[PDB]
Amino acid sequence: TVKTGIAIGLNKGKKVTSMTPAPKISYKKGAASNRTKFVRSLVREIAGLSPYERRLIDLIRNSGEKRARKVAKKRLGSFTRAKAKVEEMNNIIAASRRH
Amino acid sequence: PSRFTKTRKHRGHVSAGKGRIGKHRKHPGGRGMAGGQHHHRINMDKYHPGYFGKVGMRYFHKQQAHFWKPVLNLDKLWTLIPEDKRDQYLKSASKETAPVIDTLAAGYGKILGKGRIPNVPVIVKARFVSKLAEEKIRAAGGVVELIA
Amino acid sequence: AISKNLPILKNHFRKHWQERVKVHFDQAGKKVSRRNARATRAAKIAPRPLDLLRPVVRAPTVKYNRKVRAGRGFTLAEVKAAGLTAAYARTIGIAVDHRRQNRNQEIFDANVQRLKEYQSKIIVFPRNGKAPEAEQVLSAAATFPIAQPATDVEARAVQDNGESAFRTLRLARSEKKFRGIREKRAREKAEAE
RNA sequence: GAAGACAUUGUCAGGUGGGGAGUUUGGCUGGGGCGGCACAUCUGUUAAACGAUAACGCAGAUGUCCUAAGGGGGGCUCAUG
RNA sequence: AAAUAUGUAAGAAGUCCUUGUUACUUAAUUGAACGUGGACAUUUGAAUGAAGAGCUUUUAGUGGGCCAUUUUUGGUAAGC
RNA sequence: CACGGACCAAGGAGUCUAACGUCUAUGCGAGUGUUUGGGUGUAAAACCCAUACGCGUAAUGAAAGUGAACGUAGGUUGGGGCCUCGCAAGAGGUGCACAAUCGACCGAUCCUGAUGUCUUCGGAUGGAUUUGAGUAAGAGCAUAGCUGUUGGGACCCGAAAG
RNA sequence: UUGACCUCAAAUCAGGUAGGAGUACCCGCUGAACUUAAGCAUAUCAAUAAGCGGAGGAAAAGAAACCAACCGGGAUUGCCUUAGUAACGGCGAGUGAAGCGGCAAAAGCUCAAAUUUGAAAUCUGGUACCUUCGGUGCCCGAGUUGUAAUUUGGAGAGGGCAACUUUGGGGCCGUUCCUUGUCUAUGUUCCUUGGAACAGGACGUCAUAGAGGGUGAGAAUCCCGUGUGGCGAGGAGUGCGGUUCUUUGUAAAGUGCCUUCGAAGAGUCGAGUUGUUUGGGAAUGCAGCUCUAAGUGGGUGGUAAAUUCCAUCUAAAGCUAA
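The name the PDB entry assigns to chain B is uL15 (yeast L28), from the organism Saccharomyces cerevisiae. In the PDB, the title recorded for this entry is "Saccharomyces cerevisiae 80S ribosome bound with elongation factor eEF2-GDP-sordarin and Taura Syndrome Virus IRES, Structure III (mid-rotated 40S subunit)". Taken from UniProt, the Subcellular location comment for chain B reads in full: "Cytoplasm".

For chain A, the PDB entry supplies the name eL36 (yeast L36) and the organism Saccharomyces cerevisiae. Reading the Subcellular location entry of the UniProt record for chain A gives the comment "Cytoplasm". Entered under Sequence similarities in the UniProt record, the comment concerning chain A runs "Belongs to the eukaryotic ribosomal protein eL36 family."

With respect to the protein's contact with RNA strand G
Around RNA strand G, a shell composed of 97 residues is seen, among which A31 of chain A, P28 of chain B together with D97, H98 and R103 of chain C lie nearest. Per the 4 Å cut-off to the protein, sugar and phosphate atoms form 64% of the nearby atoms of RNA strand G. Mapped onto the surface near RNA strand G, the elements with two or more residues apiece are α1 (36-46) and α4 (79-97) of chain A together with α1 (27-45), β1 (56-58), β2 (68-70) and α4 (105-121) of chain C. A per-class count over the surface near RNA strand G returns 26 nonpolar, 31 polar and 40 charged.

Digging into the nonpolar core
Ranked by size, the top nonpolar core spans 21 residues in total, and within it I111, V129 and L146 of chain B together with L169 of chain C carry the most contacts. The element contributing the most residues to this core is helix α5 (residues 166-177) of chain C, with three residues. For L169 of chain C, the contacting residues outside a window of four places in its chain are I6, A7 and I8 of chain A together with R127 and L146 of chain B. Within the second largest apolar cluster, 10 residues are counted, among which are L53, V79, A89 and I94 of chain C.

Details of the protein's contact with RNA strand E
Around RNA strand E sit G17, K18, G19, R20, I21, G22 and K23 of chain B together with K4 of chain C, and those are all the residues in its vicinity. For RNA strand E, the fraction of atoms within 4 Å of the protein that belong to sugar or phosphate moieties is 100%. With respect to RNA strand E, the backbone of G17 of chain B contributes an N or O atom lying 3.4 Å from a sugar or linking oxygen. Within the backbone of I21 of chain B, a nitrogen or oxygen atom sits 3.0 Å from a phosphate oxygen of RNA strand E.

Side note on the packing of aromatic side chains
In total, this model carries three aromatic pairs over all chains according to the counting rule given. Centre to centre, the rings of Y51 of chain B and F52 of chain B are 5.7 Å apart; their planes meet at 80°, and the pair counts as edge-to-face. Here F13 of chain C and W17 of chain C contribute two aromatic rings whose centre-to-centre distance is 5.2 Å and whose plane-to-plane angle is 75°, an arrangement assigned as edge-to-face. A relative accessible area of 27% places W17 of chain C in the partly exposed class. The cationic tip of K24 of chain A hangs over the ring face of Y27 of chain A; the distance from NZ or CZ to the ring centre is 5.7 Å.

A few points about the interface of chain C and chain B
The partner chain B presents 41 residues to the 28 residues of chain C that form the contact. The contact between chain C and chain B buries some 3,000 Å² in all, and 59% of this surface belongs to carbon and sulfur atoms. Residue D152 of chain C pairs with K125 of chain B through a salt bridge whose shortest N-O separation is 3.1 Å. Along the contact surface separating chain C from chain B lie 10 residue pairs in polar contact. Of all elements in the fold, only β3 (155-156) and α5 of chain C reach the threshold of two or more residues within the side of chain C that touches chain B. With three residues, α5 of chain C is the largest single contributor of residues to the side of chain C that touches chain B.

Here we look at the sheet that holds strand β2 (residues 98-102) of chain B
Pairing within the open sheet is mixed, and its four strands lie in the order β6(B)-β4(B)-β2(B)-β3(C). Because the sheet does not close on itself, it has two edges, and the strands there are β6 (143-144) of chain B together with β3 of chain C. For β2 of chain B and strand β4 (residues 123-125) of chain B, the ladder comprises three bridges, and the chain directions are parallel. Paired with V100 of chain B across the two strands is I123 of chain B, which belongs to β4 of chain B.

Some words on the layout of surface pockets
The calculated volume of the largest pocket comes to roughly 1,200 Å³. Residue lining of the largest pocket: 45 residues in total, with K14 and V16 of chain A together with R58, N104 and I107 of chain C positioned closest to the centre. At the level of elements, β1, β2 and α4 of chain C are the ones that each hand at least two residues to the lining of the largest pocket. Of the residues assigned to the lining of the largest pocket, the class counts are 17 nonpolar, 12 polar and 16 charged. Each pocket or cavity is described by its volume, and for the second largest pocket that value is around 1,000 Å³. Those elements that provide at least two residues to the lining of the second largest pocket are α1, α3 (86-90) and α4 of chain C. Tallied by class, residues from the lining of the second largest pocket come to 17 nonpolar, five polar and eight charged.

Reading guide: rules and limits
- Residues numbered from 1 in each chain as written, not as in the entry; some residues may be left out.
- Chains lettered and ligands numbered in written order.
- Part of a larger assembly, values for the part shown.
- Heavy atoms only, no water.
- UniProt positions renumbered as here; feature names shortened; annotations may be inferred.
- Near = heavy atom within 4 Å.
- Helix = DSSP H or I, 4+ residues; strand = E, 2+ residues; numbered from the N terminus.
- Nonpolar A, V, L, I, M, F, W, Y, C, P; charged D, E, K, R; others polar.
- Core = buried A, V, L, I, M, F, W, Y, C linked by side-chain atoms within 4.5 Å.
- Buried < 20%, exposed > 50% of the residue type's maximum accessible area, 1.4 Å probe, protein only.
- Contact = heavy atoms within 4.5 Å.
- Polar contact = N/O pair within 3.5 Å; in protein donor to acceptor, adjacent residues only side chain to side chain.
- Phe/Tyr/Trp six-rings, centres within 6.5 Å; stacked < 30°, edge-to-face > 60°.
- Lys NZ or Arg CZ within 6 Å of the ring centre and 35° of its normal.
- Buried area = accessible area lost by both parts, 1.4 Å probe.
- Salt bridge = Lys/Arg side-chain N within 4 Å of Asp/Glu carboxyl O.
- Pairing = 2+ DSSP bridges.
- 1 Å grid on protein atoms, 1.4 Å probe; cavity = no way out; pocket = protein on both sides within 12 Å on 5 of 7 lines; lining within 4 Å.
- Points joined across faces, edges and corners; volume = space filled by probe spheres on them.

See below:
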């Protein structure tokens, strides 16, 4: 980002000859993969939907993604992991009960 | 060196230094810090006013490293000027021949003031500085260059 | 308790510390074994220095952000900037930072310079039997000292244009402190109907 | 065979609980239990012509009350015979 | 309103003359808080006296008290 | 007529540290601290050096953070020393440290509000009986010891207990 | 019905192992009260006494679901320092650290996740023989529910291109290592008292040998040793110094170029209560009950949560010399 050179402000610190960081395989730990996504899809049709999954899919078709949503924080935890969960759910509604 | 100790100087005088009509009784008023908010509150009021209690907002993960304020001033300042050529930039003080000062690569980020200095044009690469402080630096020839 | 007006001290001595209190009666005793450790090591080690190359690199924090000290390793971008790799660098006697990297060019320079130095200093020999011996130095860090590689030049000219430095960071005070507050008034002035 | 998704069992909350623990369980005080407050206070005195000045000394008050009985001015003079 | 006990007062940080500042204050540079310079040496302002006058530092021990004088509370009275 | 004490000999009672306050002593002296470690050694001594970090010089705020010259570092009185004049006495001037004291300097707070303002930042000046463990041309660092310390068995002995 | 698989097993079964002591010191846990607060329940005591489980010379610790918010630093440890401060507490008594700085000390790495797929290529046990901490002639079983080999976050595989480079290891005796085996200058001349000479006084000598003791009193000089190196012993051992035997070898491996890929650990994570521990305070770790996630996603960012990226490691799998 290169600082402003001065003490504080928008960028606190000296702006010396910066370099572009070499490859850090680390940050891409959560990679899609055609071997993990191919075998992850077979999971949705071999185990299909779970009891609380079926409970929350229709829970949506109930009062909305505010009823099943505030109930997913209790059936899970992190509000961000809670809505990452409601994401793959509307994915099963269209890609299964439609065509 | 029990030699010059007033122990041998009171040995045999019965009481041995703490009396006999009251004496020293292990922990008379208490042990450690005797009843501050109790009977020893007369020792804190007048001698230690303000110990008990809380003050302002609390700070968490407050390292004195992120709160580093190495302040300096005008009365001296020439202290960071190397002796060898310090005399050269004092009397024969001129412009273009200005003294380069890296106060952070020295350990004095903040530069403030006190008792003036001789009218000399010098570059001072600092971090932070006071308002009335930089005021006097300019009227003599001194300048400021902010680095980190 | 208390006896008249005395200094208030919070002394830590109400435990079994009188079981776990070690007065160093082996102070300089270990100092001696420290030399014999390096000395015994070199007795079988024949001509090796007993210490590899420690990089150079400025310290973090608002306090140590002005003193470049000795680092750990030399990354794959500098073992490659060395002419081989990190597996060849350590089997010779050069550090390698598997977790750390190259962030500022200024340091990459003073280091790759110091890289060819020890690289022309490593008197390496073959593995058959001939292997010619040639003296040995019992150092490496104190051998190529880091006396703050590049800080500035003593002489320069006065550059007066009009910044004050005080009012520059007084408004840079407002710049850093009124970033998101004047950015909330930027989205407010981004949707007028 | 009986009992059967209620008990059993794992876990919380709820209730009971001197059966069990731990601890205090004011002090002053003509010894002290008791009464009293001579406890933070304060009316005049005790106090011996400054002040300071004991006691479970003495004849007592204190925990509230008042948007006016207060503020300020104006007019007026009260008890009483 | 006695006696007996009590606080203050007896000078160079003072008094006599001049009159400079103030956003003070005065009808008012008027007055006052305050200075400049001018006159007076220890009869410089009653007695008498000082291991020196003054002053900060610093810590122990005592924080159960008891007799005598006159004044005096209680109390029969008390070596209470 | 309170108490221990038959009688004699030797053990036996304000000790040390960890960090400090007092008084003073000494090195250096706005520096200091070599001794954590590294070089050397007749060898645990002594000797040497470093980068450190500490403390101090810088404080005032609850914190953001801000952060000590009207003035010869100053107005007024008393002052040691020096000085000059003087037979002495003193007249008089220059009056460290220090004691009393008026303004002032900086922070925080209470105020006012010139400047320009990515239009709420920014905040000189004139201010307030406000204000603080400061400035008013550094005195600390480092050590030994003396009285006191408080954490410890803590002046020596002992409780019922737990 | 015959050879069987799948499961429980099974006898003084082959060849082997696991149980106590010890608790100066490590890791767990457990679990105090006195005292302190002038009493005392808070807390302190103390995340300590006793109790209990399993090792070593060191041990745990250690390669990042780190630290920071810097030009960022770069395994943790120990130490001065941080700082008796931030922080906790009738915010009463008290309790109380960590990054980095200085430093000593220094080390790296390896398993699942892949098609060996032109051939289980990997090994136990046991047996004639042999040049043995073992092996070859030979055979079963282990074993295809995954062994070899393969690669692993720092990366790396398949296809090809067109080149270069690194040696593998025993005998022989020394050095390096532990204990070491042993020789090792100097005198016993005299006087004075003495039981006795190590003594008062001398007189010589050694002094890389005045440590110290002993010997019939103060012994440098009589005995051993000491100081000083030498000549041998028992073994350790290819670190080093190399020589002889083995070219073992159409043996494997590291580095450079484009493309495609790039699998990366779950009743765990976190969340919600109890309470324990606490610097860690609207969760610091931890155990339990319950819940129960993902893949440019996730743990952290020390005032809770909502919200866009940023920074920042890749957990949940493993050993590792100071």
